[PDB]
Each structure stands twice: as structure tokens, then as C-alpha cells.
Amino acid sequence: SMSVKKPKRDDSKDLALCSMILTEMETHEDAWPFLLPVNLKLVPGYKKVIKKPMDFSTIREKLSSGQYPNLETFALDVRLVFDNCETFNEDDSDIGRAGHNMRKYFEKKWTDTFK
């Protein structure tokens, strides 16, 4: 509360560390469904159904331009990518499996880097 604070966690490396995680997600062999925004002119149903599209290139631009206020807003966009994937793609599909695999890969890096 006012004039009452928990000890200050060092957040000075968070930007660099989120960048490194995102590089690792970008370079994973199963990243291909997520590298670029879904083409809303060419994929029937996507625009109406997926209210907030998100992809790795869009996260990269937001990160690079100071549009993430803190490491949690960064994780929310990464998770949005996988939540969108599950919304639109059957589990038993190449893209569906890619999304599950990448979400697991992300969550481990996240825990190991920050928790």
C-alpha cells in the first residue's frame, strides 16, 4: 500500500531475456504456423472467429518498440498465439500438434528463466 512495498525484484534483464525466449520459439522447427499473421483475406472464417489474432512477428515488433509494459503482458501474447491455434485447429492435425508442442516448449523456458 502507500509507502509499503515488497522488496524490489530486478526486472532490468527482462527485455533481453524475453527476446532470447522469442528467438528460441522463432527457430523451433514447429514454429511455421505461427511466424506470420494468418492471412485474413485467404483463410475463411478466421477474421470473424478469432477476435484477437497474434503471431511471433507481431510479438517481435511489439517487443522491439516498447509496447510490452512488463514480462506478463509478453507471456499473455505468446499464450494468445496458442489459444487461437486451439480455437481454430483440430488437435489431430499438423498445426494442432504444432501448437501443443510450442506451448509446452514456451512454458518450460518461461519457468526455467523466471520462476
# chains A, B, ... in the order shown; residues from 1 in each chain; ligands from 1
call {"tool": "select_by_dssp", "arguments": {"residues": "stretch 11-114 of chain A", "states": "alpha helix (DSSP H)", "output": "VMD selection string"}}
result
chain A and resid 14 to 27 46 to 49 56 to 64 71 to 88 94 to 114
call {"tool": "residues_around", "arguments": {"residues": "stretch 62-66 of chain A", "least_positions_apart": "4", "cutoff": "12 Å", "atoms": "only C-alpha atoms", "output": "list in words"}}
result
residues 14, 15, 16, 17, 18, 19, 20, 21, 22, 23, 54, 55, 56, 57, 58, 70, 71, 73, 74, 75, 77 and 78 of chain A
call {"tool": "residues_around", "arguments": {"residues": "stretch 34-39 of chain A", "least_positions_apart": "6", "cutoff": "12 Å", "atoms": "only C-alpha atoms", "output": "PyMOL selection string"}}
result
chain A and resi 22-23+25-28+45-47+50+52-61+78-85+88+95-96+98-99+102-103
